[PDB]
Every structure is written in structure tokens, then in C-alpha cells.
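Engineer: Could you have a look at this structure, given as C-alpha cells, before my questions?
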Amino acid sequence: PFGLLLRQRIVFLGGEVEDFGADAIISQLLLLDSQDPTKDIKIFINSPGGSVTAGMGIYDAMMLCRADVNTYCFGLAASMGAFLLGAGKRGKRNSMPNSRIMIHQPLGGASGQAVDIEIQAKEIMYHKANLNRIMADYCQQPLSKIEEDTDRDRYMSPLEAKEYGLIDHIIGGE
Amino acid sequence: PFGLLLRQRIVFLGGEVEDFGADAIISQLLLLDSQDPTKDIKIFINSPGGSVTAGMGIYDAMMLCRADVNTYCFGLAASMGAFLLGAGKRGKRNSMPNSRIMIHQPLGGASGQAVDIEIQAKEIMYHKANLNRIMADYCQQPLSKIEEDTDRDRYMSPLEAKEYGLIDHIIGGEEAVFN
Amino acid sequence: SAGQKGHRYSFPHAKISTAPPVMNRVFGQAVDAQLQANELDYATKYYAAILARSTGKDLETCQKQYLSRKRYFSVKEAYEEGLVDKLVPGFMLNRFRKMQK
Amino acid sequence: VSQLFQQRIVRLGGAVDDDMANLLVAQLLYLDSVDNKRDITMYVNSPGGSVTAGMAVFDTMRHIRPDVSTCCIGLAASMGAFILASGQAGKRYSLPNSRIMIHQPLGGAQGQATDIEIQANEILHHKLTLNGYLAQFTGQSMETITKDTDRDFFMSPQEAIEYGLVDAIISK
Amino acid sequence: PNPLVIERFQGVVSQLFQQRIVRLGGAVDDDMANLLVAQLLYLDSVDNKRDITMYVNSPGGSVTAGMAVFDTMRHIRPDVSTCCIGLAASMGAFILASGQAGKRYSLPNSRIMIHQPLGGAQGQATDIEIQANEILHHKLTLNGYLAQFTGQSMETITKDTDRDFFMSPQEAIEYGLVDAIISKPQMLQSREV
Amino acid sequence: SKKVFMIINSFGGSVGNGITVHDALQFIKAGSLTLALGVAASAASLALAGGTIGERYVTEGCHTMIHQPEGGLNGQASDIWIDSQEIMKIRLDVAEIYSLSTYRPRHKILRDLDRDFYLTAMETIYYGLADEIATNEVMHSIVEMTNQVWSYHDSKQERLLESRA
Amino acid sequence: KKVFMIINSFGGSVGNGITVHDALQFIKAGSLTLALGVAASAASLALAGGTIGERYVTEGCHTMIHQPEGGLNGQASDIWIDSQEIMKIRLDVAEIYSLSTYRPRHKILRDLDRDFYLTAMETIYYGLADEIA
Amino acid sequence: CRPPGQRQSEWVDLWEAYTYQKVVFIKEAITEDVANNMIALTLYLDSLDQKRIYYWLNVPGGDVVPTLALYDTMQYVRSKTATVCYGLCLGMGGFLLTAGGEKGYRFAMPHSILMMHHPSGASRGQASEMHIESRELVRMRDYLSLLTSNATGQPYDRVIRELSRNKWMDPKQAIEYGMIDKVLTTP
Amino acid sequence: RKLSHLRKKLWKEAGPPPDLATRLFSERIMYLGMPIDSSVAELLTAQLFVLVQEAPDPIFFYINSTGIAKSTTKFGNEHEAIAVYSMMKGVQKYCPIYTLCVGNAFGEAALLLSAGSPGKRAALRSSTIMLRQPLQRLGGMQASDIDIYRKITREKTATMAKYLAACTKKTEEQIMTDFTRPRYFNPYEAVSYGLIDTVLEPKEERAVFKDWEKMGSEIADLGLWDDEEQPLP
């Protein structure tokens with residue numbers, strides 16, 4: 001199963017990204033760079049979304065390693081795996097010809113006082129401005145068109161995702 | 001345990017028949033046929049019911065087996081195990097002298113669209129028509145008589161099951177069967 | 001059908017069903033299921049006695065026709081069977097009233 | 001159920017969801033890596049599932065450089081039958097008393113009125129993707145695939161060969 | 001939850017335990033705090049001179065469970081290098097701030113939250129004022145140790161941690177939470193002229 | 001007088017309840033006026049067609065909807081065939097009333113009952129479920145029509161309050 | 001003219017006992033408080049709030065005297081503010097009893113520490129009632 | 001309050017007997033359903049005669065939006081108002097004490113528990129609509145503080161700092177803070 | 001005449017009945033306080049059939065509701081708001097309708113606000129007008145009916161913007177621009193938008209503005225490392 005391919009740096013982001021689920025991805029990511037920092041690490045993407053702070057924990061941990069990063073998307077990636085799909089380096093971001101790419105802005109949560117609402121409002125306003133700076137880096141897109149794309153829900157085919165800058169190649173050619 | 005009977009080519013069909021429990025018996029039935037296509041396979045059926053979709057896969061697995069099969073009925077056989085009881089080879093069908101045999105049609109629920117109801121209405125009728133014509137082959141019974149006996153929801157003692165054609169032999173010399 | 005003969009009113013698009021009745025959840029011994037079988041025995045004997053007086057049939061005919069299986073009846077063929085006689089008084093179609101105008 | 005892994009047999013049982021699709025393609029990464037010549041026989045038994053979960057196992061079987069074999073066990077309702085038709089021509093087997101059902105896949109639309117119309121376009125794109133790929137696997141016209149996929153239609157294994165769902169049956 | 005991921009999670013934390021890497025598991029309560037203090041009191045068998053890497057990721061928790069981890073980090077002989085990846089709560093950032101001075105490393109994408117600890121009170125009339133005094137005692141000890149770690153005044157800690165206060169490690173390095181950031185040097189990009 | 005004025009507003013409900021309020025408006029000797037507002041479901045469109053032809057009005061905001069008979073089925077294999085045939089009888093029943101009242105053949109209506117489809121105010125007059133568009137101008141005639149039929153009962157009410165005082 | 005009410009309560013918050021306390025002194029005429037069965041902390045405030053000389057009690061009646069209770073949960077700061085709320089409410093109901101029993105206030109806080117029950121005999125000695133009916 | 005009373009010759013309920021006597025009682029919490037009966041009662045007494053309206057409050061808390069529906073009806077009517085406190089007014093119920101009757105018509109019992117705090121709300125979903133509801137909760141916070149500053153005479157900068165946390169008042173401090181006008185005596 | 005019935009019903013059948021909805025019904029005051037459902041819309045229509053009969057005297061209409069459903073509860077249908085809109089639209093030439101906004105008006109409650117007579121629509125000082133996007137988030141059923149549900153959500157937004165443009169005298173494309181986000185509306189600027197005709201003011205204005213809070217703080221020096229203390233007033 002998953003343990004038979006874990007020795008060759010195969011990371012599966014299956015299921016919803018939670019506090020315990022994403023922590024199992026981070027704890028196994030530090031194991032692969034400590035044993036060999038010269039060969040590439042492959043990360044598979046099949047997830048319908050998840051948390052904002054937990055899903056951000058996979059991106060900065062993959063940038064912590066000094067080796068190469070390959071990312072492949074299987075099925076649907078909804079605003080957490082799709083942000084993690086383009087998180088790798090340029091040239092090794094491949095995708096399947098039938099995989100769905102979903103772009104969406106993250107959610108938030110607040111329960112207490114009205115002054116606690118505006119704390120979480122500027123906390124998610126900082127997270128929205130953070131990912132728009134990151135997603136415009138590996139896509140070579142301006143900040144004007146990348147803010148409106150995250151406004152509404154848009155399922156993207158990999159034919160138009162190649163010219164958008166999120167992916168690099170298509171496995172199979174067609 | 002269960003692994004000691006597996007190397008002696010004896011499997012067990014216990015509990016309610018589900019989709020997860022269906023393919024576990026089919027996967028071990030083809031392994032015994034690939035090991036020895038001459039040695040018989042003894043099965044034990046104890047089921048209080050099951051789905052008509054997963055129960056037909058057990059019948060197709062025994063028809064796919066090149067070697068002969070032996071059946072044994074202990075406990076219960078309610079609407080799915082009685083169909084798998086007579087489906088073995090004729091002359092090698094034994095059971096307990098007091099086990100119960102229930103010949104009744106399977107159940108099912110229907111809900112949804114108006115065109116959706118009439119599809120599954122004739123589907124369970126086609127399942128009723130296919131289960132009647134298959135069970136009438138190894139029983140040597142006419143079709144009009146076997147299609148009305150399955151409508152009655154009454155169990156069957158193994159004494160009258162012998163001349164009915166569903167079973168061949170009874171373990172115990174046929175004197176321990178109580179009415 | 002137990003009403004006055006000659007005045008069984010009915011809507012022209014209703015549904016009529018005659019099935020033998022069932023019993024609720026009873027958990028008993030072998031002799032407890034026998035006495036519950038006698039209660040449904042008197043149920044089919046009393047229901048067929050009403051249908052024999054209404055439809056003009058025998059006692060065993062109403063048990064074989066009505067109280068055997070869960071069947072349904074429309075409005076048109078129930079008049080030939082003997083369940084209803086006529087429609088509601090003063091019934092007139094709105095399209096048939098337009099044909100008079 | 002571990003004895004089937006050494007015999008190159010994977011099990012497709014129950015409704016397909018995200019954790020089952022991650023486990024199913026993980027067994028497909030290992031069986032082609034030990035041998036790229038021998039086929040992989042899969043026993044499909046599913047009553048349906050998600051839209052993107054069945055499409056996540058469809059594309060990875062096309063990347064296997066040897067051919068695969070698909071055998072129907074019991075029933076395949078609108079998601080497993082798509083996995084049967086995507087197999088190699090001449091390797092699509094089925095039981096003689098199995099059942100094949102072709103229907104459009106299930107899926108909801110939760111959100112704003114602007115959101116439920118932009119996500120129903122993906123379901124309309126999924127209907128053109130499913131019926132567009134199924135028409136190339138069965139050799140029939142484009143109209144007859146879009147005509148019967150709206151309502152549930154059960155298919156016998158005898159008539160599945162002439163329609164193009166399976167190639168042969170294992171009777172023995 | 002899926003039981004298949006448990007043995008895979010147990011394998012990767014045990015392989016990092018040989019490389020002297022510990023983990024803060026979820027919210028800080030009594031079951032993990034006895035497990036975490038068993039891990040810091042076992043890594044000294046190989047060597048007591050090299051540092052200890054501490055992965056810090058906690059979304060909340062109780063008060064007394066995190067204090068049992070705080071006192072053992074500053075008492076053992078090797079230095080404890082904390083590393084916050086993801087999200088740190090008020091008890092999680094206090095564990096991050098309780099590391100060795102000059103060896104508290106992180107990454108500039110995390111979120112650091114510090115506030116007065118959560119609590120409740122239930123009972124009679126004198127039971128309320130008793131349980132409110134130990135929360136204010138826990139308010140004084142959490143804000144008192146943070147004033148010594150960051151080097152700020154006493155009034156600065158109580159007026160910033162009064163409510164939810166989220167920071168970035170680019171600005172936490174000016175306050176005194178994180179000593180240095182860990183990031184690889186990137187290649188300079190050809191910007192527009 | 002003897003006129004009956006009913007208002008139509010229902011977004012759901014069972015199909016059998018719409019046929020009962022249909023023939024409850026048929027056997028009335030005097031005329032009946034039905035005014036559709038908001039929507040017209042399977043229980044509400046049969047009440048809309050149950051009125052007198054010539055007095056049926058649908059507003060621009062109202063949307064007529066034709067729905068198949070929804071039912072709940074549970075039983076044995078012998079009992080699952082007898083009640084599913086009743087769904088064919090109800091589908092024959094609601095297509096019969098839609099045929100005799102809308103000047104439409106039974107084949108074109110039965111090609112519409114296999115799939116649920118909503119109708120607008122312009123398609124209501126084209127199919128024949130109603131007679132006129134309930135715009136703002138003809139709505140003023142509904143106000144003056146219900147004023148004379150209510151003052152015929154209120155004139156007796158005005159004589160009873162003066163006799164008691 | 002003179003209000004006459006039956007006092008019978010086994011539970012309830014003591015905050016509602018302060019509402020029925022000040023409503024009894026708002027009446028210009030006298031008040032007759034007759035307790036039957038159980039008298040809780042919310043009921044003893046209406047029993048002590050009546051006019052002196054017209055507070056009757058039976059032989060089998062009892063009076064429950066205890067401190068206020070509350071439920072506190074949330075942020076760290078408003079627990080300390082609400083801790084002074086339950087303290088001064090307990091100091092408020094001590095001053096309510098002190099206007100009738102003519103006792104020093106430090107001895108009433110010792111009886112308000114735990115649950116305190118009185119029979120028909122020592123209720124007259126403690127000043128909550130006047131005589132036995 | 002379940003047994004009824006009399007108006008002059010027939011049996012009428014206790015809360016409706018004071019309605020004809022121009023006395024309004026509020027005993028339960030301020031919710032959406034009980035606020036529809038209060039603002040319909042203020043317009044009914046305004047249409048009959050023009051006299052001073054009395055409000056007796058027992059509010060232990062409530063929502064923000066139906067409380068502002070009852071506050072705006074006090075200034076819209078052409079009659080006078082007077083709020084009298086007995087028991088307790090917590091949360092948004094304490095704000096309705098300072099609604100009207102600023103010219104010496106705010107009475108309270110000597111043992112009334114007062115409570116003043118900033119209002120709250122909860123609405124989740126998209127991150128873009130979270131900015132809009134945060135602007136609504138900010139615009140509701142400072143506007144509720146501007147009405148308490150004009151009615152009590154307190155500076156506006158002190159209400160933001162004090163009422164953001166938990167704050168409770170006794171009737172001895174309610175006189176010097178300008179929240180109430182007079183204290184009710186024994187008669 | 002019915003004015004003698006008004007003095008007789010208040011003595012016998014409206015006064016000693018303690019229900020406030022009956023006494024409000026006799027004074028030609030129709031108040032929508034409950035959230036709109038299947039029981040409210042038939043009650044509002046039945047009260048409108050009585051009020052148009054006895055007199056052409058003007059009727060007062062008060063709106064105080066959260067619309068049909070809140071965003072944090074179960075959602076229903078939006079067709080009942082048009083049914084009470086077109087019922088009261090034909091009354092305007094037969095009877096004058098006075099409409100005043102008390103409390104709040106979420107979503108469909110603002111549609112009945114503009115449904116009043118011109119020159120008689122009004123609002124209070126601290127009212128709230130919400131142009132929400134309705135309704136029916138639940139779409140988990142069969143995919144064969146979602147394509148006609150796209151037709152429903154498109155034509156319902158068309159007829160809602162058509163009825164709003166007939167009262168506010170604005171462009172229909174400006175109504176869909178406000179339907180993308182739940183934009184709140186101040187009643188002081190709603191007179192320029194066309195929703196209300198005027199704003200009724202109290203006799204004593206005591207709502208001081210907050211524009212004097214800006215004391216004009218000076219710009220800090222460039223050689224001062226400012227702290228990251230959070231903005232808390």
C-alpha cells in the first residue's frame with residue numbers, strides 16, 4: 001500500500017486536510033530530506049480541500065527541504081492541493097489530462113466578541129494577500145487578474161492550466 | 001481455526017451475505033481450483049438472508065470452478081442459502097438432518113422518480129424470473145409448480161426436501177429427521 | 001360499500017384498495033400466535049359478510065376476490081364490480097360546461 | 001485479502017471515495033513496477049461513487065504499459081461499468097449472470113445561486129466527458145450514448161457483448 | 001478516523017526520534033504531556049551536548065499540561081531548539097519561546113498567537129473567586145516569563161496579549177519570540193525595468 | 001352572489017391532494033376563479049385548472065410546474081409490482097386532466113411528464129393551463145370583482161349591526 | 001389592603017429573589033409572609049423582606065440558606081470581573097438579612113459559606129420568622 | 001402573572017390591564033418574536049393619547065438587531081417616555097434604560113444589577129463576505145457607544161475603552177455615571 | 001357604514017379580546033414582524049382582501065423582519081415575496097399605501113419597501129437595507145434537474161431586478177452588481193439610490209457624528225522603528 005512506496009519518496013495527500021492529517025504529511029516530509037538531500041521527492045495530490053492554517057503547513061515545509069520537488073495531481077484539488085500543485089519548482093509540475101483544477105479562496109471562523117470578529121477578519125485578509133503573492137510568483141501573472149480569479153469558484157481544465165502557469169507539462173500529451 | 005480448514009479446501013459461508021463478504025468467498029474459491037482441479041471443495045452455508053446482487057456472484061463462482069463442489073447446510077438457509085444449496089453437483093449434496101430450508105423471493109426497496117420506479121420494478125421481476133428458471137434445472141421440477149412454492153413464506157423440513165429435488169442425501173441415515 | 005345501496009357517491013379519480021388486515025408487534029409463544037391467527041380469522045369473516053351483502057356475492061367469493069392480496073381498484077371498474085354506484089351529486093366538468101355555452 | 005496482492009489482483013469493492021481511490025492507485029503503482037509485461041486482473045463490484053474519484057482511477061490505468069483485464073463481479077452501477085469499458089479490447093470479461101448499469105453520476109450543488117450554476121457547468125462538462133469517452137470505447141454513435149444515460153438502464157451480460165460494454169464472458 | 005494512517009504516523013515519528021526530533025501533538029492535554037516528557041527525558045542517552053529539535057504545532061489546549069513541558073525544557077543539560085511550523089497557539093508559542101536563547105528557529109510563513117489562557121469556573125460563590133485567582137496566577141506567570149524571554153516590560157505583555165494577537169515571524173523577530181528564520185537563499189529573478 | 005374565489009400558492013405537496021381540490025371545484029354549481037401567485041406545483045397546478053375556463057389568471061412572477069407523482073414504496077416482490085402500476089395509473093390520470101382542459105393531445109403531454117420542467121407565464125397561456133396574463137391592468141378587475149361579491153354579504157352585515165344598536 | 005402570599009420554593013436562582021424582595025417594600029401597606037414546606041434561598045429573601053411582626057411559619061417548615069451559584073466560562077478577563085459579581089451579590093444578600101436579624105455581618109458570612117438549614121425552633125432565634133402558626 | 005385582573009367591570013389580563021393604564025412590562029429576554037409585540041404596542045398607545053409611557057424591564061440579555069427595533073420607536077413617536085428599572089437589565093437591556101427620559105425620568109431600585117458591554121455577532125462562510133459583516137459589526141459597535149455618550153454625558157473615548165471589557169454597575173455608581181436619573185425609595 | 005362597526009367591535013370583539021393583532025387590524029395598520037413563510041404570506045394576503053373593501057382610506061404598512069430565512073438557518077423559497085408584492089401593487093390606485101421601515105430589512109423585505117406609493121415610502125434613522133442574493137442552496141438531488149434549476153435561478157434574478165427597477169427607476173444591470181456581494185445600505189444615501197422617498201427624523205436629534213475623532217496625528221520620523229502593536233481604540 002502506502003508503505004511499499006514510502007522509501008522512494010512518495011507522498012500522498014489523501015483525504016481532507018485536517019490538524020492531524022496534515023501533520024502526518026509534515027512529519028514524513030522532514031524524514032525524506034534528512035536521509036538524502038540530492039534526489040527528488042514526489043508528492044501526489046488528491047484532496048477536496050481542508051483547513052487554511054493546516055493546508056498552508058504543507059507548502060512551507062516543502063520549501064524547507066533543499067532537494068528537488070515533483071508534484072502530481074490526481075482527480076480534484078480544491079484550493080488546498082491546487083495551491084500545493086503549483087508550489088513546486090518550474091519544469092516538474094505535471095498533471096493528468098482529466099484532473100480537475102479548482103481555484104477558490106479559503107474560509108475562516110470566529111465565535112466571540114465583535115472585536116474578535118475583526119481580528120479574524122484581518123487575519124484572513126492577511127492570508128488572502130499572502131497566497132496572492134505566492135501564486136503570482138510561479139505563474140508570471142499580475143496581481144489584478146489573480147485576485148478576481150480567486151473570487152468565484154472556477155473548475156479549470158489542464159488544457160488552459162498550462163498557459164496559466166500553474167502546471168508545466170501534461171502526462172500523456174493529450 | 002479457519003486457516004486449518006482452508007488448506008483442507010473447506011470454506012465457510014456464515015452470517016449475513018454482504019458485498020464485502022461476497023468477494024472473500026469468490027477469491028478463495030478460484031485459488032482452490034488453480035491448486036487442484038480434481039479435488040472436491042466442501043462448503044458450509046449458514047445465512048439468514050442477503051442481497052440478490054452479491055448472492056449471484058457466489059453461484060457464478062461455483063459454476064466457474066472446474067472441480068466438483070460439495071455443499072453442507074447447517075443452521076439457517078433463508079432465501080439465499082437455499083438457492084446455493086441445490087446449485088452444487090447432483091449426488092454430492094448433504095446437510096444436517098434438522099436444518100431448515102426457506103425458499104422465498106428476495107426483498108427490495110424502491111424510491112425516486114416515476115421513470116425510476118418502473119425500471120427497478122421490472123428489474124426485481126427479472127431477478128424473480130431468473131432465480132426461478134435457474135433453480136428449476138437441478139430440481140427436475142416444472143416451472144409452474146416451482147414459481148408458486150417460492151411465493152409461500154413457509155420453511156421446509158429436510159424430509160420433504162429430498163423428493164422435491166433440491167437435495168440428494170441427508171447425513172444421519174434419514175431416520176433422525178423430526179417433523 | 002356498507003352504505004345505502006343506490007347512493008354510493010365517489011369522485012371520478014379516486015383510489016380504492018381492499019387488502020386483508022395485519023397485526024402489530026406481538027412477542028409471544030406458539031399458542032400466542034394461534035390466538036392472534038383467530039383474530040385475523042374473524043377479520044376476514046366479518047369483512048366478507050359486509051361485501052356479500054353489498055355486492056351480492058357468496059361468502060367465499062369475497063375472500064378470494066378482495067381479501068386475498070393487496071390489490072387496488074379504480075372508479076370505472078368498481079361500478080361493474082359493485083363497490084360504487086354513481087358519482088357525487090351535482091358533478092359537472094368545466095370543459096363540458098364550456099361546450100354548453 | 002493479502003493473498004490477492006501477490007497474484008496481481010486488486011479489489012474494487014463498495015462505493016468509490018477519496019481514500020479508496022488513493023489506495024487503489026497505490027496498488028497500481030506497485031504491480032507495474034515489479035513487472036511491465038504481465039496483466040493485472042481487477043474484480044469490480046461497485047454501486048456508484050463520486051465523480052472525481054472514479055475519474056482518478058480511470059486515467060492511471062491508461063498509463064500502464066501492459067494491458068489490464070477487468071472482470072465484473074455481481075453489479076456495476078454507473079461508476080464501475082465505466083471502469084469496465086476503459087479496459088483493453090479483448091480483455092473485458094464478465095460473469096454470465098452479472099449486471100451492468102449505465103447512468104449519469106450523482107453529485108450535488110451547494111452554495112450561492114451564482115455558485116450553483118458555475119458548478120453545474122462542471123457536471124455538464126462531466127456528462128460530456130463521460131459520454132464522450134464511453135462512445136469511443138463501445139464504437140456506437142454519439143446520440144445513443146446520450147439517450148440512455150439520463151435514466152437507469154440495466155444491461156444483461158449477453159447483450160453487453162453486442163453493445164460493446166464487455167468483450168467476452170467466462171463460462172467454462 | 002482511519003486506523004491505517006496510525007501505524008504510518010507512528011513509523012515516521014519513531015524514525016525522527018532517532019534523529020532527536022520530538023512533536024507536540026494537537027491540543028496540549030494530559031495524555032500527550034506525559035508522552036512528550038517521556039521523549040525529552042530519553043534523548044540524553046545518545047549525547048547530552050548536541051541540540052534537540054522540537055517540532056511545534058498546536059492549535060490550543062489546557063494550561064497545566066503545557067507547564068509540565070515548559071519546566072523540563074529549561075532544566076535538561078542539552079539545549080532545546082524549538083521549530084514552529086504551521087500554527088502556534090498561546091501555549092504553543094510559549095513552548096516555542098521557552099527554547100534556548102539564540103537557538104529558537106522557525107520559518108517566515110507561520111502564524112504566532114499569544115493571549116491569556118482560556119479557562120472556566122463552576123461551583124459555589126467562594127469557588128468562583130478561588131478558581132479565578134489561579135487563572136490570574138496563570139495570567140501573571142505566562143506574561144511574566146514572556147517578559148523575560150522577549151526582554152520587554154511588564155506593561156507591554158499584558159496590553160498585547162489581552163485578546164487574540166496574531167503575528168508573523170518577520171515581525172516576531174523584532175518582538176522577541178523567534179530568534180532567527182530558516183529559509184534557503186533564492187536565485188535573483190530578472191525583474192522588469 | 002355564489003362565486004368562489006381561491007388563491008393558489010404552493011411550492012410542493014403530494015400529487016393526490018391536488019386532484020382532490022380539483023374535483024372539489026368541479027361539482028360546484030356556480031363559477032370559480034383561480035388566481036395563481038408565486039408558483040404552481042403538482043398539487044397547485046391541478047387547483048389552477050380546476051376553476052372555470054375564462055377566469056384563470058397567472059401573474060408574471062408565478063411559475064407553473066408539472067411534476068411526476070412521487071411515492072414511497074416498501075414490500076415484497078409481489079407487492080412492489082401492484083403499487084408501481086398505480087404510478088402508471090396516476091400518470092395516466094394527470095395526463096388525462098391536462099389533455100381535456102388544455103386542448104392538447106395526450107402524446108405531447110406524456111412526452112413532458114418523463115422529466116420535471118418549470119413553465120413561465122407565457123408558456124402557461126400557450127399550453128392552455130390558463131386563459132389570460134394577470135398583468136397590472138386586469139388585476140384591477142379582480143379587485144372590483146371581489147368587491148361586489150363581498151358587499152352582497154356585507155350589506156346583510158350592515159343591517160345586523162344597525163338592528164343590534 | 002394587606003397582601004397575603006404563600007411561600008413555597010425548593011430551587012431557583014437567587015437573582016430572582018432580589019426582584020421579589022424590593023417589590024415587597026414598594027407596597028405602602030404591610031405584608032404577611034407565611035412559609036409552607038420548603039423555603040429556598042430565593043424564597044427566604046421574600047420571607048425576610050416582609051414586615052417585622054407578621055412573618056409566620058409552621059412546625060414542619062424549613063428554610064434553606066446558602067451562597068449564590070453561577071456558571072462561568074470564556075476568556076480570562078471577564079472571569080475576574082464576574083468573580084467580583086458573585087462576591088458582592090453574596091455581600092448584598094448578607095446586608096439584606098442583617099436588616100432583620102440584628103446580628104453582626106461577619107457571623108452571617110460564616111453561615112453563608114456552606115448550606116445552612118433551620119427547623120421551626122431556631123428560625124425564631126435567628127430572626128427569619130416571628131412566631132409559630 | 002397567570003391569574004388575570006380587572007380594568008373597571010370585567011376580567012382582563014394583568015399585562016393588558018397596565019396597557020390601558022399606559023404601563024409596559026418586559027419580563028423575558030429580547031428576542032425577534034417579543035420585539036414584534038413591543039414595537040406594535042408603542043404605536044398603539046401613541047395613536048390613542050399622548051402621555052408619558054412607562055417601561056419596566058427584566059431583560060437578562062438578548063440580540064442586537066431586535067433591540068435596535070425597539071430603540072428607534074422611542075424617538076419616532078411624538079409622546080414622552082420614562083424607563084424605570086427593577087430587578088436586572090443585562091446586555092442590550094441596559095442600553096434600553098438610556099433610550100429615553102433623559103430629563104429626569106430614569107428610575108431604578110436600590111438593588112438593581114446593571115450591565116454594559118459591547119454587542120456581538122456571528123456569521124461565517126466566504127472570506128469576502130466576512131469583511132462586509134465585520135464592517136457591519138464595527139459600525140454597530142461605535143454607533144451604540146455614541147448613543148450612550150450623549151445620554152449619560154460621558155466622553156466618547158472612555159466608552160470604547162471601558163465597555164469593550166466586562167463592566168457592571170451598582171445604583172450608587174449609576175448616579176455619578178449619568179446612567180440613571182433618580183433612585184426609587186421605599187414608598 | 002363601517003365606522004360604527006369600528007366603535008362596536010372595539011367594545012365587544014376587539015377590546016376585551018387581549019390580542020394585539022386584532023386591535024392593530026382595526027386601526028388600518030398592517031405589520032409584518034414574523035419571518036415570511038407559508039403561514040405568513042397567506043395571512044398577509046387575507047388581510048389585504050379585507051382592507052381594500054370597506055374604505056379607500058390610507059393603510060399603514062410596517063416592515064420589520066429578516067426576510068424569509070437567515071443565513072445561519074434552513075432556507076426555503078423566494079416566490080412568496082412576489083405574491084405579496086403583486087397583490088399590493090394594484091392597490092395603489094385604489095387605496096394609498098404608507099410604508100415605513102422599522103428595525104431591519106434583510107433581502108426580500110426591501111422589495112416590499114419599494115412596493116409602496118411614491119411620496120409615501122420612508123425609513124428610520126438607523127435602519128438597514130440588505131440586497132441579498134436568494135435562495136435555495138440545497139441542490140443535492142439528481143443531476144437531470146439542475147439544468148432547469150439554472151433556468152430558475154437566472155429568471156428569478158431577472159424578474160426581481162425588473163420589479164426593483166420599476167420602483168427605483170434605475171438600470172437592471174446595476175441591480176445584479178449589488179447581488180454579487182451582500183452590500184448593506186445606509187438609509188441616508190438610499191434616497192439617492194431610489195429605494196425610499198424620504199427619511200423621517202425624530203423631534204430631538206441627539207445622534208452626534210464620529211468625524212471629530214480624527215485629531216490629526218502627526219507623521220512619525222523616518223528614523224524610528226515603529227512597534228507592531230495592534231490597532232485597538
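To be explicit about the labels: the chains of the C-alpha cells are called A, B, and onward in the order shown, and within each one the residues are counted from 1, while ligands get numbers from 1 in the order they are shown.
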Dump as a tab-separated table the rows for residues of chain G within 9 Å of chain H: closest atom pair and distance in Å with one decimal, only C-alpha atoms counted, ordered by chain and rising residue number.

Structural biologist:
residue	atom	partner	partner_atom	distance
G:15	CA	H:87	CA	7.9
G:16	CA	H:87	CA	7.4
G:18	CA	H:87	CA	6.7
G:19	CA	H:87	CA	4.5
G:20	CA	H:87	CA	8.2
G:22	CA	H:109	CA	7.2
G:23	CA	H:86	CA	8.2
G:25	CA	H:186	CA	5.9
G:26	CA	H:186	CA	5.6
G:27	CA	H:187	CA	7.0
G:28	CA	H:187	CA	5.9
G:77	CA	H:165	CA	7.8
G:78	CA	H:166	CA	5.5
G:79	CA	H:166	CA	8.9
G:81	CA	H:166	CA	6.3
G:82	CA	H:166	CA	7.9
G:85	CA	H:168	CA	7.9
G:92	CA	H:111	CA	8.3

Engineer: Give me, as a tab-separated table, the closest atom pair and its distance (Å, one decimal) for every residue of chain I within a cut-off of 8 Å of chain D, counting only C-alpha atoms, rows sorted by chain and rising number.

Structural biologist:
residue	atom	partner	partner_atom	distance
I:133	CA	D:113	CA	7.3
I:134	CA	D:113	CA	7.0
I:135	CA	D:113	CA	6.8
I:136	CA	D:113	CA	7.7
I:137	CA	D:111	CA	5.1
I:138	CA	D:110	CA	5.5
I:139	CA	D:109	CA	4.5
I:140	CA	D:108	CA	3.7
I:141	CA	D:108	CA	6.3
I:142	CA	D:106	CA	6.5
I:143	CA	D:106	CA	6.6
I:144	CA	D:150	CA	6.9
I:146	CA	D:120	CA	6.9
I:147	CA	D:120	CA	7.4
I:150	CA	D:117	CA	5.7
I:153	CA	D:113	CA	6.3

Engineer: Residues of chain G within 10 Å of chain E, counting only C-alpha atoms - could you list those as a ChimeraX atom specification?

Structural biologist: /G:66-90,112-114

Engineer: Near chain A, meaning an atom within 7 Å, which residues of chain H appear when counting only C-alpha atoms? Write them as a ChimeraX atom specification.

Structural biologist: /H:119-122,124-127,130-131,134,137

Engineer: Suppose we keep N, CA and C atoms; can you now write the selection as a PDB file, in the first residue's frame?

Structural biologist:
ATOM      1  N   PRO H 119     -21.783  44.990  21.868  1.00  0.00           N
ATOM      2  CA  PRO H 119     -22.588  43.935  21.238  1.00  0.00           C
ATOM      3  C   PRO H 119     -21.724  42.954  20.457  1.00  0.00           C
ATOM      4  N   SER H 120     -22.356  41.860  20.036  1.00  0.00           N
ATOM      5  CA  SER H 120     -21.646  40.774  19.374  1.00  0.00           C
ATOM      6  C   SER H 120     -22.462  40.270  18.192  1.00  0.00           C
ATOM      7  N   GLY H 121     -21.840  39.390  17.414  1.00  0.00           N
ATOM      8  CA  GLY H 121     -22.498  38.776  16.276  1.00  0.00           C
ATOM      9  C   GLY H 121     -21.703  37.580  15.804  1.00  0.00           C
ATOM     10  N   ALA H 122     -22.325  36.807  14.915  1.00  0.00           N
ATOM     11  CA  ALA H 122     -21.697  35.612  14.369  1.00  0.00           C
ATOM     12  C   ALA H 122     -22.271  35.327  12.990  1.00  0.00           C
ATOM     13  N   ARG H 124     -20.621  33.222   9.407  1.00  0.00           N
ATOM     14  CA  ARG H 124     -19.493  32.583   8.750  1.00  0.00           C
ATOM     15  C   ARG H 124     -19.819  32.291   7.290  1.00  0.00           C
ATOM     16  N   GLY H 125     -18.822  31.766   6.582  1.00  0.00           N
ATOM     17  CA  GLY H 125     -18.971  31.445   5.177  1.00  0.00           C
ATOM     18  C   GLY H 125     -17.767  31.839   4.346  1.00  0.00           C
ATOM     19  N   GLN H 126     -17.999  32.633   3.303  1.00  0.00           N
ATOM     20  CA  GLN H 126     -16.925  33.094   2.437  1.00  0.00           C
ATOM     21  C   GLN H 126     -16.064  34.131   3.157  1.00  0.00           C
ATOM     22  N   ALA H 127     -14.801  34.222   2.736  1.00  0.00           N
ATOM     23  CA  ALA H 127     -13.898  35.211   3.314  1.00  0.00           C
ATOM     24  C   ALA H 127     -14.200  36.619   2.822  1.00  0.00           C
ATOM     25  N   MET H 130     -17.017  37.952   4.906  1.00  0.00           N
ATOM     26  CA  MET H 130     -16.603  38.165   6.288  1.00  0.00           C
ATOM     27  C   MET H 130     -16.093  39.582   6.507  1.00  0.00           C
ATOM     28  N   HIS H 131     -15.576  40.222   5.456  1.00  0.00           N
ATOM     29  CA  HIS H 131     -15.168  41.618   5.564  1.00  0.00           C
ATOM     30  C   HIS H 131     -16.374  42.547   5.624  1.00  0.00           C
ATOM     31  N   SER H 134     -17.967  42.220   9.106  1.00  0.00           N
ATOM     32  CA  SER H 134     -17.091  42.868  10.076  1.00  0.00           C
ATOM     33  C   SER H 134     -17.266  44.379  10.049  1.00  0.00           C
ATOM     34  N   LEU H 137     -20.480  44.959  11.987  1.00  0.00           N
ATOM     35  CA  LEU H 137     -20.315  44.851  13.432  1.00  0.00           C
ATOM     36  C   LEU H 137     -19.469  45.985  13.997  1.00  0.00           C
TER      37      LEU H 137
END

Engineer: Which residues, written as number ranges by chain, have at least one atom at most 10 Å from region 15-19 of chain D, with only C-alpha atoms counted and residues fewer than 3 positions away on the same chain left out?

Structural biologist: A: 13-16, 46-48, 75-76; D: 12, 22-24, 45-54, 56-57, 77, 79-80; E: 2
